[PDB]
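K.L.:
Handing you a structure now.
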Number of protein chains: 2
Amino acid sequence: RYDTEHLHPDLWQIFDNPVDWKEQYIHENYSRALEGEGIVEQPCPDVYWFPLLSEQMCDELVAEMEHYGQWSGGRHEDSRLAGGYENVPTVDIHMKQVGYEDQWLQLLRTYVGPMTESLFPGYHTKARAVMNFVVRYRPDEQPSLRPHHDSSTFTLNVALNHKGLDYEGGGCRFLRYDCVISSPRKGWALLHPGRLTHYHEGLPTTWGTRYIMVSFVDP
Amino acid sequence: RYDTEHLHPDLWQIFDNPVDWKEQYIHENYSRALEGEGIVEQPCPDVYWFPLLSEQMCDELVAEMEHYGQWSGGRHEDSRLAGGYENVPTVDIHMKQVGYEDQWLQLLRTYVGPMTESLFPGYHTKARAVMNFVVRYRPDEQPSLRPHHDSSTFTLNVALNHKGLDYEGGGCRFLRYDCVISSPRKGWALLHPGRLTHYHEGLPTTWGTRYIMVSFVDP
């Protein structure tokens, strides 16, 4: 079985060929980082930064998102939310629309969960994520979000573009720790709690557009 | 209405005369701590220690618990829990049997919530609790519990006896932070998360009996 009615059939080939898809899409340092040889960075307290995604997978995801076209989001109300009122609006394409929610959940249960288990001892993971989407911020379409927390036990933020080369600006601004990650990594991702002890704030971008893929796990 | 069917009937008068209950049960330093002039201690990151109640309230609670008599708990399974199985057995009596569970919830909603809002900015609290019991720790009856996490957003620990003079032992040890509670205060209370970033193991009591207050807030 191979879905030929798609731009990148190899993106969904994780189910049919997990070994080949993992080798082609995951970061080269993902195994090294998981083995416990440094790699993971903690610029802020109770924070992490490890290489997860590769250039090819990021390019394929960006191409699929661009081909989707309907970049909804940016309204106070929410059509995909049961409550019907989103506290924070953002222009993004949900993983449900692209059909990659199942594949993303499988990848999180496979690779993301072991990293959380190793980083946090005594913590068991089930990889339950209710919100998963990729947001693209533009200098005139979507500005930096207001300082708000996350309604989940852990939050993962994965960049999809090179800093400066693709978009000019900054990253996050942790008010509690007085820390700003102004050097985002395209291949690396951060996984830190955001429920109570993290009031996250995003910095603005001047030139270009930066794509961020963030999912709310354990909600 | 003043029901005299109690050893200390004034313990249930939290709602009849709130001013009297506050002036005769809460700690005198609680107002100063809420005013934001120190008092609150931060022995470890994301950990708080501030006075909560007065000595008279603790003595009355201890006397009522002693008069209760039914200090059950100690088996892997349980009958109070809906599931019927307890992850960590402990000899404690829930306030539902005592009947002051509503009073404890009212006290939490009246004093605890605003302090949590002041301590952790940007977090809205409703003071919802389900699991709350007073556990008496004795070396010959119930030793220290193995390290585990808390099935709640926040965990509140309040001492109910004068350490040293009433019991000999230890407090808690933070496995991930190397934080050890060596000199707990009878009036002071412990406030820290126990879900993901904090795994705690209690120290073993040696002499006397140690009485502690446990309450699962926001589960």
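Residues are referred to by chain and number: the chain letter is A, B, ... according to the order shown in the structure tokens, the number counts from 1 in that chain, and ligands are numbered separately from 1 in the order shown.
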Please produce, as a tab-separated table, a per-residue contact table for chain A versus chain B (criterion: any atom at most 10 Å away, only C-alpha atoms considered), showing the nearest atom pair and its distance in Å to one decimal, sorted by chain then residue number.
P.N.:
residue	atom	partner	partner_atom	distance
A:45	CA	B:45	CA	9.2
A:46	CA	B:197	CA	7.5
A:120	CA	B:197	CA	7.1
A:121	CA	B:176	CA	7.9
A:122	CA	B:199	CA	7.0
A:123	CA	B:196	CA	6.3
A:124	CA	B:196	CA	9.1
A:147	CA	B:122	CA	9.2
A:148	CA	B:122	CA	7.6
A:149	CA	B:122	CA	7.8
A:153	CA	B:196	CA	7.5
A:154	CA	B:196	CA	8.7
A:176	CA	B:121	CA	9.2
A:192	CA	B:197	CA	9.5
A:193	CA	B:197	CA	8.0
A:195	CA	B:123	CA	8.6
A:196	CA	B:123	CA	6.7
A:197	CA	B:46	CA	7.1
A:198	CA	B:120	CA	9.4
A:199	CA	B:122	CA	7.2
K.L.:
Could the residues in this selection be written to a file with N, CA, C and O atoms, as a compact mmCIF listing (two decimals), in the first residue's frame?
P.N.:
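Below you can see out.txt, which holds the result:
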# COMPACT_ATOMS: atom_id res chain seq x y z
N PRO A 45 15.75 27.26 33.27
CA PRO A 45 15.42 26.25 34.28
C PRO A 45 14.20 25.43 33.87
O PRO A 45 13.23 25.97 33.32
N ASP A 46 14.26 24.13 34.15
CA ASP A 46 13.19 23.19 33.81
C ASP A 46 12.84 23.26 32.33
O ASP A 46 11.67 23.22 31.94
N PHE A 120 13.08 13.18 32.38
CA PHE A 120 12.42 13.30 33.67
C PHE A 120 12.30 11.92 34.32
O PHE A 120 11.40 11.15 33.94
N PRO A 121 13.16 11.57 35.27
CA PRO A 121 13.03 10.27 35.93
C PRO A 121 11.76 10.19 36.77
O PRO A 121 11.28 11.19 37.31
N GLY A 122 11.22 8.98 36.87
CA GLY A 122 10.01 8.76 37.64
C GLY A 122 8.74 9.26 37.00
O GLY A 122 7.69 9.25 37.66
N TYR A 123 8.79 9.70 35.74
CA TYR A 123 7.63 10.20 35.03
C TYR A 123 7.30 9.26 33.88
O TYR A 123 8.14 9.02 33.01
N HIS A 124 6.08 8.73 33.88
CA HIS A 124 5.61 7.84 32.83
C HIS A 124 4.83 8.64 31.79
O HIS A 124 4.12 9.59 32.13
N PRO A 147 1.65 37.13 26.42
CA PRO A 147 2.25 36.21 27.40
C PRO A 147 1.17 35.38 28.08
O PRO A 147 0.42 35.89 28.92
N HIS A 148 1.10 34.11 27.72
CA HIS A 148 0.10 33.20 28.28
C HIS A 148 0.74 31.83 28.46
O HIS A 148 1.73 31.49 27.80
N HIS A 149 0.16 31.05 29.36
CA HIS A 149 0.67 29.73 29.69
C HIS A 149 0.05 28.67 28.78
O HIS A 149 -0.71 28.97 27.86
N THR A 153 0.43 19.48 30.54
CA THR A 153 1.53 19.16 31.45
C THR A 153 2.87 19.51 30.83
O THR A 153 3.75 20.07 31.50
N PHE A 154 3.06 19.19 29.55
CA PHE A 154 4.30 19.49 28.85
C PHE A 154 3.98 20.07 27.48
O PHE A 154 2.99 19.69 26.85
N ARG A 176 9.27 34.30 33.88
CA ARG A 176 9.64 33.80 35.20
C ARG A 176 11.15 33.63 35.34
O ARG A 176 11.73 34.00 36.36
N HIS A 192 9.42 21.64 27.51
CA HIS A 192 9.41 22.10 28.89
C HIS A 192 7.98 22.22 29.37
O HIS A 192 7.06 22.40 28.56
N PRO A 193 7.75 22.10 30.67
CA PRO A 193 6.39 22.28 31.20
C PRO A 193 5.90 23.70 30.98
O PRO A 193 6.68 24.65 30.91
N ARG A 195 2.39 24.49 32.37
CA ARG A 195 1.10 24.55 33.06
C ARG A 195 1.08 25.66 34.11
O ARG A 195 0.27 26.59 34.03
N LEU A 196 1.96 25.57 35.10
CA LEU A 196 1.95 26.49 36.24
C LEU A 196 3.23 27.31 36.35
O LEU A 196 3.16 28.53 36.51
N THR A 197 4.40 26.66 36.28
CA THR A 197 5.67 27.33 36.49
C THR A 197 6.29 27.86 35.20
O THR A 197 7.51 27.99 35.12
N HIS A 198 5.47 28.18 34.20
CA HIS A 198 5.97 28.69 32.92
C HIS A 198 4.90 29.59 32.31
O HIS A 198 3.89 29.11 31.79
N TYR A 199 5.14 30.90 32.37
CA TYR A 199 4.31 31.90 31.70
C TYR A 199 5.07 32.33 30.45
O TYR A 199 5.83 33.30 30.48
K.L.:
Write out as an NGL selection string the residues lying within 10 Å of residue A:59, counting only C-alpha atoms and excluding same-chain residues fewer than 6 positions away.
P.N.:
:A and (65 or 160-161)
K.L.:
Take the residues from that selection and put them in a file with N, CA and C atoms, as a PDB file, in the first residue's frame.
P.N.:
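What ended up in out.pdb:
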ATOM      1  N   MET A  65       2.180  21.980   4.026  1.00  0.00           N
ATOM      2  CA  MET A  65       1.411  23.076   4.610  1.00  0.00           C
ATOM      3  C   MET A  65       1.144  24.169   3.584  1.00  0.00           C
ATOM      4  N   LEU A 160      10.517  25.321  12.192  1.00  0.00           N
ATOM      5  CA  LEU A 160      10.463  24.800  10.836  1.00  0.00           C
ATOM      6  C   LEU A 160      11.217  25.657   9.830  1.00  0.00           C
ATOM      7  N   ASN A 161      12.055  26.586  10.285  1.00  0.00           N
ATOM      8  CA  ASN A 161      12.797  27.461   9.390  1.00  0.00           C
ATOM      9  C   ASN A 161      14.088  27.885  10.078  1.00  0.00           C
TER      10      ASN A 161
END
K.L.:
Would you list, as a ChimeraX atom specification, the residues of stretch 27-97 of chain B that end up in strand (DSSP E) under DSSP run on this structure's backbone?
P.N.:
/B:48-51,92-94
K.L.:
Next, the residues of the selection above should be written as an mmCIF file, in the first residue's frame with N, CA and C atoms.
P.N.:
data_model
loop_
_atom_site.group_PDB
_atom_site.id
_atom_site.type_symbol
_atom_site.label_atom_id
_atom_site.label_comp_id
_atom_site.auth_asym_id
_atom_site.auth_seq_id
_atom_site.Cartn_x
_atom_site.Cartn_y
_atom_site.Cartn_z
ATOM 1 N N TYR B 48 7.482 26.479 48.096
ATOM 2 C CA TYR B 48 7.104 27.566 48.988
ATOM 3 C C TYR B 48 6.891 27.032 50.397
ATOM 4 N N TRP B 49 7.190 27.878 51.385
ATOM 5 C CA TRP B 49 7.009 27.519 52.792
ATOM 6 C C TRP B 49 6.637 28.790 53.550
ATOM 7 N N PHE B 50 5.373 28.891 53.953
ATOM 8 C CA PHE B 50 4.870 30.045 54.680
ATOM 9 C C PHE B 50 3.900 29.586 55.758
ATOM 10 N N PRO B 51 3.739 30.370 56.825
ATOM 11 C CA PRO B 51 2.780 29.997 57.871
ATOM 12 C C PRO B 51 1.351 30.003 57.350
ATOM 13 N N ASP B 92 -4.307 6.783 57.246
ATOM 14 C CA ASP B 92 -4.885 8.114 57.338
ATOM 15 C C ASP B 92 -6.398 8.006 57.222
ATOM 16 N N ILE B 93 -7.084 9.019 57.743
ATOM 17 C CA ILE B 93 -8.540 9.086 57.719
ATOM 18 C C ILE B 93 -8.940 10.321 56.924
ATOM 19 N N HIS B 94 -9.775 10.123 55.908
ATOM 20 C CA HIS B 94 -10.282 11.242 55.129
ATOM 21 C C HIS B 94 -11.247 12.076 55.961
#
K.L.:
Pick from A:130, A:158, A:47, A:88: nearest to residue A:174, with only C-alpha atoms counted?
P.N.:
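Smallest separation from residue A:174 among the options: A:47.
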K.L.:
Fewer than 6 positions away in the same chain doesn't count, so skip those; otherwise give me all residues within 12 Å of stretch 133-136 of chain A, counting only C-alpha atoms, as number ranges by chain.
P.N.:
A: 58, 61-62, 64-66, 68-74, 80, 89-101, 104-105, 142-145, 156-161, 166-167, 205, 208-217
K.L.:
Next, write the just-selected residues to a file, as a compact mmCIF listing (two decimals), in the first residue's frame, keeping C-alpha atoms as the atom set.
P.N.:
# COMPACT_ATOMS: atom_id res chain seq x y z
CA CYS A 58 10.86 19.88 7.76
CA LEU A 61 6.07 19.38 6.07
CA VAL A 62 6.48 22.99 4.92
CA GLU A 64 2.54 20.13 2.47
CA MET A 65 1.41 23.08 4.61
CA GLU A 66 1.95 25.50 1.72
CA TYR A 68 -2.85 23.08 1.91
CA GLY A 69 -3.30 26.85 1.46
CA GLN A 70 -6.24 27.51 3.81
CA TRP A 71 -4.24 29.11 6.64
CA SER A 72 -7.15 29.65 9.00
CA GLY A 73 -6.94 30.96 12.55
CA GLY A 74 -6.57 34.45 13.96
CA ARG A 80 -12.54 23.28 15.99
CA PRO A 89 -5.91 33.16 18.52
CA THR A 90 -3.22 32.13 16.06
CA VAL A 91 -3.04 31.59 12.30
CA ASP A 92 -2.27 27.89 11.84
CA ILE A 93 -3.29 24.71 10.02
CA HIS A 94 -4.45 21.89 12.29
CA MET A 95 -2.93 18.44 11.84
CA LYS A 96 -6.46 17.03 11.55
CA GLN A 97 -7.01 18.87 8.26
CA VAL A 98 -3.79 17.47 6.75
CA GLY A 99 -4.50 13.98 8.11
CA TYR A 100 -1.10 13.81 9.81
CA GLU A 101 -2.58 13.72 13.33
CA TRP A 104 2.31 12.68 14.39
CA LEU A 105 0.77 10.87 17.37
CA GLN A 142 0.07 37.18 12.69
CA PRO A 143 2.03 39.07 15.37
CA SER A 144 3.74 37.69 18.46
CA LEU A 145 1.33 36.11 20.93
CA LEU A 156 6.85 20.92 22.71
CA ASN A 157 7.91 23.67 20.29
CA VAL A 158 9.65 22.69 17.05
CA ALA A 159 10.92 25.27 14.58
CA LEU A 160 10.46 24.80 10.84
CA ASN A 161 12.80 27.46 9.39
CA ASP A 166 14.13 32.45 6.55
CA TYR A 167 12.76 34.90 9.14
CA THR A 205 9.81 38.90 14.09
CA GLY A 208 10.26 37.21 6.88
CA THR A 209 7.95 34.49 8.14
CA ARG A 210 8.82 31.75 10.64
CA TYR A 211 6.89 28.48 10.88
CA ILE A 212 6.50 26.85 14.29
CA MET A 213 5.08 23.36 14.88
CA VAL A 214 3.86 23.07 18.48
CA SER A 215 1.62 20.38 19.98
CA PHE A 216 -0.05 20.20 23.40
CA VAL A 217 0.69 16.80 24.94
K.L.:
Could you check how far atom CA of residue A:164 sits from atom CA of residue A:183, in Å to one decimal?
P.N.:
9.3 Å
K.L.:
Using only C-alpha atoms for the distances, tell me which of A:141, A:78, A:60, A:150 is nearest to residue A:10.
P.N.:
A:60
K.L.:
Within stretch 42-199 of chain B, find each residue whose DSSP state, derived from the backbone, is helix (DSSP H, G or I), and express the selection as a PDB file with N, CA, C and O atoms, in the first residue's frame.
P.N.:
ATOM      1  N   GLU B  55      -1.420  27.713  66.386  1.00  0.00           N
ATOM      2  CA  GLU B  55      -1.170  26.543  67.223  1.00  0.00           C
ATOM      3  C   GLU B  55      -2.465  25.976  67.792  1.00  0.00           C
ATOM      4  O   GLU B  55      -2.608  24.753  67.920  1.00  0.00           O
ATOM      5  N   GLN B  56      -3.412  26.846  68.152  1.00  0.00           N
ATOM      6  CA  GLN B  56      -4.675  26.374  68.708  1.00  0.00           C
ATOM      7  C   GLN B  56      -5.444  25.532  67.697  1.00  0.00           C
ATOM      8  O   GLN B  56      -6.021  24.497  68.050  1.00  0.00           O
ATOM      9  N   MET B  57      -5.464  25.964  66.433  1.00  0.00           N
ATOM     10  CA  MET B  57      -6.145  25.191  65.398  1.00  0.00           C
ATOM     11  C   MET B  57      -5.500  23.823  65.216  1.00  0.00           C
ATOM     12  O   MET B  57      -6.199  22.812  65.088  1.00  0.00           O
ATOM     13  N   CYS B  58      -4.165  23.773  65.204  1.00  0.00           N
ATOM     14  CA  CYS B  58      -3.474  22.496  65.061  1.00  0.00           C
ATOM     15  C   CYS B  58      -3.762  21.577  66.240  1.00  0.00           C
ATOM     16  O   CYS B  58      -3.999  20.376  66.057  1.00  0.00           O
ATOM     17  N   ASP B  59      -3.746  22.121  67.460  1.00  0.00           N
ATOM     18  CA  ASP B  59      -4.031  21.307  68.638  1.00  0.00           C
ATOM     19  C   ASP B  59      -5.459  20.778  68.611  1.00  0.00           C
ATOM     20  O   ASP B  59      -5.703  19.606  68.926  1.00  0.00           O
ATOM     21  N   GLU B  60      -6.419  21.627  68.233  1.00  0.00           N
ATOM     22  CA  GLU B  60      -7.807  21.185  68.151  1.00  0.00           C
ATOM     23  C   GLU B  60      -7.983  20.113  67.083  1.00  0.00           C
ATOM     24  O   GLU B  60      -8.709  19.133  67.289  1.00  0.00           O
ATOM     25  N   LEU B  61      -7.328  20.282  65.931  1.00  0.00           N
ATOM     26  CA  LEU B  61      -7.410  19.276  64.877  1.00  0.00           C
ATOM     27  C   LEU B  61      -6.805  17.954  65.330  1.00  0.00           C
ATOM     28  O   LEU B  61      -7.353  16.883  65.044  1.00  0.00           O
ATOM     29  N   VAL B  62      -5.674  18.009  66.037  1.00  0.00           N
ATOM     30  CA  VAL B  62      -5.049  16.788  66.540  1.00  0.00           C
ATOM     31  C   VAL B  62      -5.963  16.096  67.543  1.00  0.00           C
ATOM     32  O   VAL B  62      -6.117  14.868  67.521  1.00  0.00           O
ATOM     33  N   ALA B  63      -6.579  16.870  68.440  1.00  0.00           N
ATOM     34  CA  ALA B  63      -7.494  16.286  69.416  1.00  0.00           C
ATOM     35  C   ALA B  63      -8.698  15.648  68.733  1.00  0.00           C
ATOM     36  O   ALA B  63      -9.128  14.551  69.112  1.00  0.00           O
ATOM     37  N   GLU B  64      -9.255  16.319  67.723  1.00  0.00           N
ATOM     38  CA  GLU B  64     -10.394  15.759  66.998  1.00  0.00           C
ATOM     39  C   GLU B  64     -10.005  14.483  66.261  1.00  0.00           C
ATOM     40  O   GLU B  64     -10.769  13.511  66.242  1.00  0.00           O
ATOM     41  N   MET B  65      -8.822  14.470  65.642  1.00  0.00           N
ATOM     42  CA  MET B  65      -8.358  13.271  64.954  1.00  0.00           C
ATOM     43  C   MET B  65      -8.159  12.119  65.930  1.00  0.00           C
ATOM     44  O   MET B  65      -8.492  10.969  65.622  1.00  0.00           O
ATOM     45  N   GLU B  66      -7.608  12.408  67.112  1.00  0.00           N
ATOM     46  CA  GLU B  66      -7.459  11.374  68.130  1.00  0.00           C
ATOM     47  C   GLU B  66      -8.817  10.851  68.584  1.00  0.00           C
ATOM     48  O   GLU B  66      -8.992   9.643  68.784  1.00  0.00           O
ATOM     49  N   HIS B  67      -9.790  11.748  68.753  1.00  0.00           N
ATOM     50  CA  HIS B  67     -11.132  11.333  69.144  1.00  0.00           C
ATOM     51  C   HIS B  67     -11.852  10.573  68.037  1.00  0.00           C
ATOM     52  O   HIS B  67     -12.804   9.840  68.327  1.00  0.00           O
ATOM     53  N   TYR B  68     -11.429  10.738  66.781  1.00  0.00           N
ATOM     54  CA  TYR B  68     -12.068  10.015  65.684  1.00  0.00           C
ATOM     55  C   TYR B  68     -11.895   8.509  65.838  1.00  0.00           C
ATOM     56  O   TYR B  68     -12.845   7.743  65.635  1.00  0.00           O
ATOM     57  N   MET B  95     -11.287  13.378  55.665  1.00  0.00           N
ATOM     58  CA  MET B  95     -12.162  14.284  56.401  1.00  0.00           C
ATOM     59  C   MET B  95     -13.637  14.007  56.145  1.00  0.00           C
ATOM     60  O   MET B  95     -14.485  14.512  56.888  1.00  0.00           O
ATOM     61  N   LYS B  96     -13.964  13.227  55.110  1.00  0.00           N
ATOM     62  CA  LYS B  96     -15.356  12.866  54.865  1.00  0.00           C
ATOM     63  C   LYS B  96     -15.928  12.068  56.030  1.00  0.00           C
ATOM     64  O   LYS B  96     -17.073  12.288  56.441  1.00  0.00           O
ATOM     65  N   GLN B  97     -15.147  11.130  56.570  1.00  0.00           N
ATOM     66  CA  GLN B  97     -15.566  10.431  57.781  1.00  0.00           C
ATOM     67  C   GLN B  97     -15.679  11.395  58.955  1.00  0.00           C
ATOM     68  O   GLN B  97     -16.630  11.323  59.741  1.00  0.00           O
ATOM     69  N   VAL B  98     -14.711  12.305  59.090  1.00  0.00           N
ATOM     70  CA  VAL B  98     -14.770  13.311  60.144  1.00  0.00           C
ATOM     71  C   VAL B  98     -15.895  14.312  59.919  1.00  0.00           C
ATOM     72  O   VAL B  98     -16.510  14.770  60.891  1.00  0.00           O
ATOM     73  N   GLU B 101     -14.683  18.014  55.982  1.00  0.00           N
ATOM     74  CA  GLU B 101     -14.170  18.170  54.624  1.00  0.00           C
ATOM     75  C   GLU B 101     -14.700  19.443  53.978  1.00  0.00           C
ATOM     76  O   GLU B 101     -13.957  20.157  53.295  1.00  0.00           O
ATOM     77  N   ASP B 102     -15.986  19.739  54.179  1.00  0.00           N
ATOM     78  CA  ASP B 102     -16.543  20.988  53.670  1.00  0.00           C
ATOM     79  C   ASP B 102     -15.861  22.190  54.309  1.00  0.00           C
ATOM     80  O   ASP B 102     -15.573  23.183  53.631  1.00  0.00           O
ATOM     81  N   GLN B 103     -15.595  22.118  55.616  1.00  0.00           N
ATOM     82  CA  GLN B 103     -14.895  23.206  56.293  1.00  0.00           C
ATOM     83  C   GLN B 103     -13.484  23.384  55.744  1.00  0.00           C
ATOM     84  O   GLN B 103     -13.026  24.516  55.542  1.00  0.00           O
ATOM     85  N   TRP B 104     -12.776  22.278  55.500  1.00  0.00           N
ATOM     86  CA  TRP B 104     -11.430  22.371  54.941  1.00  0.00           C
ATOM     87  C   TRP B 104     -11.455  22.962  53.537  1.00  0.00           C
ATOM     88  O   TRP B 104     -10.598  23.781  53.183  1.00  0.00           O
ATOM     89  N   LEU B 105     -12.431  22.556  52.720  1.00  0.00           N
ATOM     90  CA  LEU B 105     -12.560  23.121  51.381  1.00  0.00           C
ATOM     91  C   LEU B 105     -12.867  24.612  51.441  1.00  0.00           C
ATOM     92  O   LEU B 105     -12.335  25.396  50.647  1.00  0.00           O
ATOM     93  N   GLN B 106     -13.732  25.020  52.374  1.00  0.00           N
ATOM     94  CA  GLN B 106     -14.029  26.437  52.541  1.00  0.00           C
ATOM     95  C   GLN B 106     -12.790  27.214  52.964  1.00  0.00           C
ATOM     96  O   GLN B 106     -12.543  28.320  52.471  1.00  0.00           O
ATOM     97  N   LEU B 107     -11.996  26.649  53.876  1.00  0.00           N
ATOM     98  CA  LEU B 107     -10.760  27.308  54.289  1.00  0.00           C
ATOM     99  C   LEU B 107      -9.794  27.447  53.118  1.00  0.00           C
ATOM    100  O   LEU B 107      -9.157  28.494  52.947  1.00  0.00           O
ATOM    101  N   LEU B 108      -9.672  26.396  52.304  1.00  0.00           N
ATOM    102  CA  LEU B 108      -8.802  26.459  51.134  1.00  0.00           C
ATOM    103  C   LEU B 108      -9.276  27.524  50.152  1.00  0.00           C
ATOM    104  O   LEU B 108      -8.467  28.289  49.615  1.00  0.00           O
ATOM    105  N   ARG B 109     -10.585  27.586  49.903  1.00  0.00           N
ATOM    106  CA  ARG B 109     -11.123  28.585  48.988  1.00  0.00           C
ATOM    107  C   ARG B 109     -11.040  29.996  49.554  1.00  0.00           C
ATOM    108  O   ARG B 109     -11.032  30.960  48.783  1.00  0.00           O
ATOM    109  N   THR B 110     -10.983  30.137  50.877  1.00  0.00           N
ATOM    110  CA  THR B 110     -10.936  31.448  51.511  1.00  0.00           C
ATOM    111  C   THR B 110      -9.529  32.008  51.645  1.00  0.00           C
ATOM    112  O   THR B 110      -9.338  33.215  51.456  1.00  0.00           O
ATOM    113  N   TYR B 111      -8.540  31.177  51.968  1.00  0.00           N
ATOM    114  CA  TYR B 111      -7.192  31.668  52.229  1.00  0.00           C
ATOM    115  C   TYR B 111      -6.153  31.103  51.275  1.00  0.00           C
ATOM    116  O   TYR B 111      -5.267  31.841  50.827  1.00  0.00           O
ATOM    117  N   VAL B 112      -6.227  29.810  50.955  1.00  0.00           N
ATOM    118  CA  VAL B 112      -5.164  29.168  50.186  1.00  0.00           C
ATOM    119  C   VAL B 112      -5.106  29.715  48.765  1.00  0.00           C
ATOM    120  O   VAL B 112      -4.021  29.986  48.236  1.00  0.00           O
ATOM    121  N   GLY B 113      -6.261  29.880  48.122  1.00  0.00           N
ATOM    122  CA  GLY B 113      -6.318  30.232  46.722  1.00  0.00           C
ATOM    123  C   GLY B 113      -5.664  31.558  46.388  1.00  0.00           C
ATOM    124  O   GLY B 113      -4.877  31.665  45.440  1.00  0.00           O
ATOM    125  N   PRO B 114      -5.990  32.603  47.155  1.00  0.00           N
ATOM    126  CA  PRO B 114      -5.352  33.906  46.899  1.00  0.00           C
ATOM    127  C   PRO B 114      -3.843  33.873  47.058  1.00  0.00           C
ATOM    128  O   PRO B 114      -3.128  34.549  46.307  1.00  0.00           O
ATOM    129  N   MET B 115      -3.336  33.095  48.018  1.00  0.00           N
ATOM    130  CA  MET B 115      -1.891  32.966  48.180  1.00  0.00           C
ATOM    131  C   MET B 115      -1.262  32.286  46.971  1.00  0.00           C
ATOM    132  O   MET B 115      -0.194  32.699  46.505  1.00  0.00           O
ATOM    133  N   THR B 116      -1.907  31.238  46.453  1.00  0.00           N
ATOM    134  CA  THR B 116      -1.402  30.573  45.256  1.00  0.00           C
ATOM    135  C   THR B 116      -1.415  31.514  44.060  1.00  0.00           C
ATOM    136  O   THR B 116      -0.482  31.512  43.247  1.00  0.00           O
ATOM    137  N   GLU B 117      -2.469  32.323  43.930  1.00  0.00           N
ATOM    138  CA  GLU B 117      -2.515  33.304  42.851  1.00  0.00           C
ATOM    139  C   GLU B 117      -1.395  34.326  42.991  1.00  0.00           C
ATOM    140  O   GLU B 117      -0.775  34.720  41.996  1.00  0.00           O
ATOM    141  N   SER B 118      -1.124  34.772  44.219  1.00  0.00           N
ATOM    142  CA  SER B 118      -0.028  35.709  44.442  1.00  0.00           C
ATOM    143  C   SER B 118       1.330  35.057  44.212  1.00  0.00           C
ATOM    144  O   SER B 118       2.232  35.691  43.653  1.00  0.00           O
ATOM    145  N   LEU B 119       1.495  33.803  44.637  1.00  0.00           N
ATOM    146  CA  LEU B 119       2.783  33.132  44.481  1.00  0.00           C
ATOM    147  C   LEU B 119       3.068  32.807  43.020  1.00  0.00           C
ATOM    148  O   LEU B 119       4.193  33.001  42.546  1.00  0.00           O
TER     149      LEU B 119
END
K.L.:
Between atom CA of residue B:173 and atom CA of residue B:191, measure the distance and give it in Å to one decimal.
P.N.:
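So the answer is 14.3 Å.
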K.L.:
What does the distance from atom CA of residue B:76 to atom CA of residue B:172 come to in Å, to one decimal?
P.N.:
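Pair atom CA of residue B:76 / atom CA of residue B:172 returns 22.2 Å.
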